[PDB]
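1. Pasting the sequence and an experimental structure:
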Amino acid sequence: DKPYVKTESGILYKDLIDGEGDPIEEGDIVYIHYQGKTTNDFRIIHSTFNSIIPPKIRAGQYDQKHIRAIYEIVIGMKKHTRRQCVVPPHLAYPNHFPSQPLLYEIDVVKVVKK
Amino acid sequence: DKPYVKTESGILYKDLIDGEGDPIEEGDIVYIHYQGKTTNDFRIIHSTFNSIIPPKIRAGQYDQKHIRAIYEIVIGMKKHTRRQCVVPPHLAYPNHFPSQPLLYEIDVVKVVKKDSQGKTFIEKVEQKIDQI
Ligand SMILES: [Cl-]
Ligand SMILES: [Cl-]
Ligand SMILES: [Cl-]
C-alpha cells in the first residue's frame, strides 16, 4: 500500500502498476487510456476505454483535448504504468466540478520518444 | 543610460540590478518574480507578487507554465539580477497580444543548480531514520 506524492501543481499521485522501460519525458508522444471519477458521489465522469485507438498526447504539452493534469502527470510514467491521480479543480474542470478533487487512473499504452 | 541588448529571438533587455554569484545556465532551477505589461496602455497583464513562494522554472526549458521568453531570458542572470525586457509576440501571447511588444521585469530570487536540494528539518530526520 503506497503513499501519494504531491506535485508543485497540487496533484497527488501514486503508481498502482509500475510499468517498465524508460520513463516518459516532456515532449514524448504517449498513448493513454484513463477514467476519472467524482469524489463526492463516486461516479465515472469520463472513460476513454471505449475508443478504438487510445488517445495520444505530447507529454507536458497542454493542447486542450484532455484535462490539464494528464499532460503533466504522464511524465515519469513508463509503458503499462497505471498512475492514480487526485486532481485539483484548476487542473481538471474548474467550471463543471469547481469544488472537489477528481480521482483519475491513467494507463500508458505506448510511448514514442520525441 | 544603457541601451537594450537584443537576443536573436528578439528579446530586448537591460539589467537594472546586476545580481551576485554565478550566472544561470540552461537546466538550472530558478525561482523568479515577474510582472508583464502592455505597451499600448501599460496595464499589468500578469504579476507573480502575490505568491510567497516564487514560481520556479528550469532555465532554457519551456514547459508552458509561463511565457516562452522567460525561460530564455533567465540565462546569464544571477541571484538578485533584475532584467527589464521588451518581448516580441511570438514569445509571449501570439494570439492574445499579436500586435504589440510587452514589457516585463524579471527578478531572480534563488538559483538551485545544486541537487543540494536534499530534504530539511523533520523530513530530513525521518528520511535518515529510514536508511537505518
Ligand atoms: Cl490496479
Ligand atoms: Cl472547465
Ligand atoms: Cl464540484
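-> Looks like it came in fine. Residues are numbered from 1 along each chain as shown, chains lettered A, B, ... in the order given. Ligands and ions are numbered 1, 2, ... in the order given.

2. Report the distance from the strand or helix carrying residue A:108 to the chain centre.
-> Taking DSSP states H and E as the definition, residue A:108 sits inside strand A:102-112. Using Cα atoms, centre = their mean, to the nearest Å, the mean C-alpha position of strand A:102-112 is found 5 Å from that of the whole chain.

3. Now do it: everything it contacts.
-> A:16-17, A:19, A:21-22, A:24, A:28-39, A:45, A:54, A:67, A:69-70, A:73-74, A:77-87, A:89, A:92-93 (Cβ atoms under 8 Å, 6 or more residues apart in numbering or on different chains). (Each C-beta comes from the backbone N, C-alpha and C, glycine too.)

4. residues from chain A in reach of ligand 3?
-> Residues of chain A found near ligand 3 (Cβ under 5 Å from the ion) are A:97, A:99-100.

5. quick one on the thing from earlier: the strand holding residue A:108: partners in the sheet, and parallel or antiparallel?
-> Here strand A:102-112 has these sheet partners by DSSP bridges: strand A:29-38 (antiparallel), strand A:82-87 (antiparallel).

6. do stretch A:35-43 and ligand 2 meet at all?
-> No: with Cβ under 5 Å from the ion as the criterion, ligand 2 is not reached by stretch A:35-43; the gap is at least 12.7 Å.

7. Between its first and last residues, how far does that stretch reach?
-> By Cα to Cα, to the nearest Å, the extent of stretch A:35-43 from end to end equals 10 Å.
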